[PDB]
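Visitor: My structure is below; once you've seen it, I'll send some questions.
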Amino acid sequence: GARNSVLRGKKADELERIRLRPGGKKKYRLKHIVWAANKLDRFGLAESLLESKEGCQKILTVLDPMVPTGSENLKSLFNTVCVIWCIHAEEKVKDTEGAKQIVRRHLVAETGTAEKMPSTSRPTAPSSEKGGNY
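Just so we're aligned: the sequence shown equals residues 2 to 135 in UniProt numbering.
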């Protein structure tokens with residue numbers, strides 16, 4: 002053994018508790034934490050940011066808008082972070098699907114006012130066009 006870092010003895014329990022899928026019978030394991038920490042360093046993000054809940058917020062915010070506009074390889078790295086942050090924020094989650102709902106919930110709640118947008122006014126796009134004929 003080499004002590005812990007990302008998850009302590011108590012936190013470890015929560016990890017083995019969370020189920021990989023909503024209708025499955027498998028739970029998360031250390032192996033899954035590694036793949037995530039690695040994908041980060043590689044992509045460009047740190048790995049020690051998975052210890053603190055705050056740091057995880059910076060990883061979920063980036064992968065958030067990338068979820069829809071990101072390959073599957075980016076989807077797995079996101080679903081994992083959502084769980085890690087939940088464990089640290091002290092949020093009870095049955096499965097991944099539940100961990101995400103809780104995460105996004107905390108963002109949307111703020112987005113409601115962050116994206117209040119201006120008054121009623123249609124977008125007046127500028128005039129532009131191309132051409133290439135006789």
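In this text, a Cβ means the ideal position worked out from N, Cα and C, and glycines have one as well.
In the DSSP output, which residue or residues are listed as bridge partners for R20?
Guide: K28, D96
Visitor: Which stretch, first to last residue, makes up the alpha helix (DSSP H) that contains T125?
Guide: Segment: none, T125 is in no alpha helix (DSSP H) and carries neither H nor E.
Visitor: Would you tell me roughly how many angstroms separate the C-alpha atoms of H89 and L75, rounded to the nearest one?
Guide: 22 Å
Visitor: Look at the alpha carbon of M67 and the alpha carbon of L61, and state the distance between them as a whole number of angstroms.
Guide: 9 Å
Visitor: For the candidate residues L64, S128, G25, whose alpha-carbon lies nearest to that of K95?
Guide: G25
Visitor: Taking Cβ positions, are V109 and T97 nearer each other than 8 Å?
Guide: no
Visitor: To the nearest angstrom, how far is it from the Cα of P119 to the Cα of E111?
Guide: 17 Å
Visitor: Exposed or buried, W36, counting other C-beta atoms within 10 Å across all chains shown (16 or more means buried)?
Guide: exposed
Visitor: Comparing C-alpha positions only, which one of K12, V104, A100, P127 sits nearest to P23?
Guide: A100
Visitor: Just mark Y29 as buried or exposed, buried being the case when its beta carbon has 16 or more other beta carbons within 10 Å.
Guide: buried
Visitor: Under the rule that 16 or more other beta-carbon atoms within 10 Å means buried, what is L31, buried or exposed?
Guide: The residue is exposed, with fewer than 16 neighbouring Cβ atoms inside 10 Å.
Visitor: Output the boundary residues of the alpha helix (DSSP H) element that contains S77.
Guide: 73-90
Visitor: Would you tell me roughly how many angstroms separate the C-alpha atoms of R9 and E116, rounded to the nearest one?
Guide: 38 Å
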